[PDB]
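Trainee: Here it is, the structure in full.
Each reported figure results from applying straightforward, stated rules to the coordinates on display, with no laboratory input. Positions of Cβ are generated from backbone atoms using ideal geometry, with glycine treated the same way; all protein chains shown enter the neighbour counts.
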Amino acid sequence: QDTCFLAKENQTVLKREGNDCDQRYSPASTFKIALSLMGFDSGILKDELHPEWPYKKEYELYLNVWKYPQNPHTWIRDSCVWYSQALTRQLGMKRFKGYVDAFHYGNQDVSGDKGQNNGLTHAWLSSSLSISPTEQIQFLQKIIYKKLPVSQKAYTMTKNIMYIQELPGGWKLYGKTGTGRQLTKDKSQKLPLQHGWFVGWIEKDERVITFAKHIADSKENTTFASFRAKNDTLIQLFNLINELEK
C-alpha cells in the first residue's frame with residue numbers, strides 16, 4: 001500500500017500524505033493533460049469539438065465507448081487512447097520530444113517499450129516516461145501560472161476539456177485520471193499489479209489549489225486504481241474545502 005496525496009495553493013503546501021511523494025511512475029492517462037497543451041499549441045486540435053476523428057477497426061477497443069467518433073472533449077472524458085495516438089503521429093517525434101523537454105515533464109524519456117521504436121505512441125502507457133506526484137504538482141502549477149511555452153488558446157482549451165464538476169461551496173474541479181501497470185525490473189514487462197492517479201486543481205474566485213493523488217497496489221484488485229485514486233481524492237478535497245471555508 002504505497003500512496004501519496006499532495007495539495008498546494010500558490011507556494012504553500014496545504015496537505016502532504018503518504019510515503020511516495022517523490023517516487024516516479026508512468027503518468028498513464030494523466031499525460032493527456034500534456035498532450036492537450038501540445039495539440040492546441042501546435043494547431044492540430046482546434047477547439048473543444050474539433051477535430052472529430054472516426055473510429056477505425058484497427059484500434060484496440062478496450063472500452064466500448066471508444067467505438068464512437070472522438071473529439072477533444074470526448075477524448076478527455078472517455079480517456080480515449082487511440083485519439084492520443086492519432087495526435088502524436090501527427091505531431092511527429094521531433095515536436096513530441098520538443099514539447100516533453102520544453103515542459104520538463106518528469107524523466108523526459110520517450111523511447112517507449114524496450115525493444116520497439118514505439119515511444120511516439122506508447123511512451124506514457126506504462127513505458128519509459130515517468131513522473132512523480134511532486135513533479136505533477138510542479139507541472140500543474142506551470143499551467144495555472146502560465147509558465148509553459150504554449151499559447152493562450154492552449155491554456156484556455158485544455159482547461160475547458162479537463163472540467164469535471166462543481167464541488168460543495170462552488171469550487172470547480174478540473175482533473176484527469178490515469179491507470180497503469182507496474183513493470184518488472186529486468187526486461188521491464190507489464191504486471192497485473194495496478195497503479196493509478198488523479199491529478200488536477202479546484203478553483204473558486206481568485207483561488208486555485210492543485211492536487212495530485214497516487215496509489216500503487218501490492219496485490220491484484222478488481223477495480224481500476226485510478227477510480228480508487230479519484231474516489232479518495234474527492235473525500236480529501238471535501239474535507240479540505242471545509243477547512244478553507246472556515
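Trainee: Considering the stretch 3-16 alone, what residues qualify as being free of Cβ contacts under 8 Å to residues at least 60 places away in the same chain and either in a strand (DSSP E or B) or touching a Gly at 6+ places or on another chain (Cβ under 9 Å) (or both)?
Mentor: The answer is 12, 13, 16.
Trainee: Are any of the residues in the stretch 159-173 over 20 Å from residue 84 (Cβ atoms), among the aromatic types (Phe, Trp, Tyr) and in a loop (DSSP other than H, G, I, E, B)?
Mentor: Yes, that holds for at least one residue.
Trainee: Which ones in the stretch 205-232 are of a type outside the set (A, V, I, L, M, F, W, C), surrounded by 12 or more Cβ atoms within 10 Å (Cβ to Cβ) and in a loop (DSSP other than H, G, I, E, B)?
Mentor: Residues satisfying the conditions are 217, 221, 223.
Trainee: Give the stretch 200-236 a look and list any residue that's more than 13 Å from residue 30 (Cβ to Cβ) and among the polar types (S, T, N, Q), or say none.
Mentor: Within the stretch 200-236, 218, 221, 222, 223, 231, 236 meet the criteria.
Trainee: Condition first: under 18 Å from residue 77 (Cα atoms) and either surrounded by 16 or more Cβ atoms within 10 Å (Cβ to Cβ) or over 19 Å from the mean Cα position of the chain (by Cα) (or both). Now tell me which residues in the stretch 168-193 satisfy that.
Mentor: 173, 174, 175, 176, 177, 178, 179, 180 - these are the residues of the stretch 168-193 that are under 18 Å from residue 77 (Cα atoms) and either surrounded by 16 or more Cβ atoms within 10 Å (Cβ to Cβ) or over 19 Å from the mean Cα position of the chain (by Cα) (or both).
Trainee: Let me ask something else about it. Can you find a residue in the stretch 15-38 that is closer than 16 Å to residue 136 by Cβ, of a type in the set (A, V, I, L, M, F, W, C) and touching an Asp or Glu at 6+ places or on another chain (Cβ under 6 Å)?
Mentor: Checking the stretch 15-38: not a single residue is closer than 16 Å to residue 136 by Cβ, of a type in the set (A, V, I, L, M, F, W, C) and touching an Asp or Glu at 6+ places or on another chain (Cβ under 6 Å).
Trainee: Answer yes or no: is there a residue in the stretch 68-76 that is more than 17 Å from residue 27 (Cα to Cα), touching a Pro at 6+ places or on another chain (Cβ under 9 Å), touching a residue at least 40 places away in the same chain (Cβ under 8 Å) and not polar (S, T, N, Q).
Mentor: yes
Trainee: From the list 235, 202, 241, exactly one residue is assigned to a strand (DSSP E or B) and either surrounded by 11 or more Cβ atoms within 10 Å (Cβ to Cβ) or without any contact (Cβ under 8 Å) to a residue 12 or more places away in the chain (or both). Which is it?
Mentor: Values: 235 fails: assigned to a strand (DSSP E or B); 241 fails: assigned to a strand (DSSP E or B).
Going through 235, 202, 241 in turn, just one is assigned to a strand (DSSP E or B) and either surrounded by 11 or more Cβ atoms within 10 Å (Cβ to Cβ) or without any contact (Cβ under 8 Å) to a residue 12 or more places away in the chain (or both): 202.
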